[PDB]
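Undergrad: what's the 3D shape of this:
(2 chains)
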Amino acid sequence: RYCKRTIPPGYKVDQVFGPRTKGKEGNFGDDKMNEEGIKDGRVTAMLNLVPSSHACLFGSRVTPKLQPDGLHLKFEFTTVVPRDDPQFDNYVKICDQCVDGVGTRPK
Amino acid sequence: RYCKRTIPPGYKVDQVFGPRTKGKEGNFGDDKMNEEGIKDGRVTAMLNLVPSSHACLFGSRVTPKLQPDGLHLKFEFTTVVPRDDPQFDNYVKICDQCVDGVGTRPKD
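TA: Numbering: from 1, shown residues only, chains lettered A, B, ... in the order given. What follows is the structure:
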């Protein structure tokens, strides 16, 4: 299933999960993240904030929508990083760079 | 981290991820799924439709919101099962039972 794909070394993010976008699905990652894929060192940090498979099922708000083409099962999971968490600044900064970041590179 | 918790053998869902709700976070599961946790074979089926950690990051729509308490980072991920997928009927049935299902148990 698409929802089970992972990014091996030497794939760009868009080779696996589609062009980076703004405000839509696929919106996470600036051009440098797209290019480096899993070797971008910001990716490891960000994956710490992504739900495990159990948290994604049981901790999300889940919304099944049936359409003529099939079942669109939406998971909305919200991870909270407290303001005084030792990693708070770094995550906010990576979000600043990467969310809707297509067309930009950091520094 | 709350987002990395897993449900061990012999634990209820609500012990780990809070009470089952309707129309909010934690809305997936009827009373049998809550009680049985991972013993419930429906759970096994449904995990096949949950995104990998890569698919969750790069295939979701991601929305960061800052509040006085910190960063609320929202992942919206939609898995699509074709109507003609041979597992379509089963998944749809589990969703009918478990989404906002708190307060019910399935027929046996």
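
Undergrad: in stretch A:100-107, what's buried?
TA: Neighbour counts over stretch A:100-107 (16 or more other CB atoms under 10 Å in any protein chain shown) mark A:100-102 as buried. C-beta: built from backbone N, CA, C; applies to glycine.

Undergrad: for the residue nearest the centre of chain A, phi and psi?
TA: The residue lying closest to the centre of chain A (CA atoms, centre = their mean) is residue A:28, at 5.2 Å. Per-residue torsions, residue A:28: phi -90, psi 120 (degrees, to the nearest 10).

Undergrad: tell me the contacts of the residue sitting furthest away from the middle of chain A?
TA: For chain A, the largest distance from the centre (CA atoms, centre = their mean) belongs to residue A:68, which lies 27.6 Å off. Counting by CB atoms under 8 Å, 6 or more residues apart in numbering or on different chains, residue A:68 touches residue B:83.

Undergrad: please apply the same query to residue A:75.
TA: A:56-57, A:60-62, B:50-51, B:75-79.

Undergrad: with only the CA atoms kept, save the strand or helix carrying it in PDB.
TA: Element membership for residue A:75 (DSSP states H and E) is strand A:70-82. Output of strand A:70-82 as PDB, limited to C-alpha atoms (Å, rounded to 0.1, in the frame of the first residue of the first chain):
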ATOM      1  CA  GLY A  70     -13.500   3.700  -2.400                       C
ATOM      2  CA  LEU A  71     -12.800   4.400   1.200                       C
ATOM      3  CA  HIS A  72     -10.800   7.500   2.100                       C
ATOM      4  CA  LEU A  73      -9.800   6.900   5.700                       C
ATOM      5  CA  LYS A  74      -8.400  10.100   7.200                       C
ATOM      6  CA  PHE A  75      -6.200  10.100  10.300                       C
ATOM      7  CA  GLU A  76      -5.700  13.400  12.100                       C
ATOM      8  CA  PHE A  77      -3.000  13.000  14.700                       C
ATOM      9  CA  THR A  78      -1.600  16.000  16.700                       C
ATOM     10  CA  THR A  79       1.700  15.700  18.400                       C
ATOM     11  CA  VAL A  80       2.300  18.300  21.200                       C
ATOM     12  CA  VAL A  81       5.800  19.600  22.000                       C
ATOM     13  CA  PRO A  82       5.700  21.600  25.200                       C
END
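
Undergrad: and after that strand, which helix or strand comes next?
TA: Using DSSP H and E, the first helix or strand after strand A:70-82 is helix A:88-98.

Undergrad: near chain B at all, that following helix?
TA: Yes: using CB under 8 Å from any CB of the partner chain, we find that helix A:88-98 touches chain B at A:88, A:91-92, A:95.

Undergrad: thank you, goodbye.
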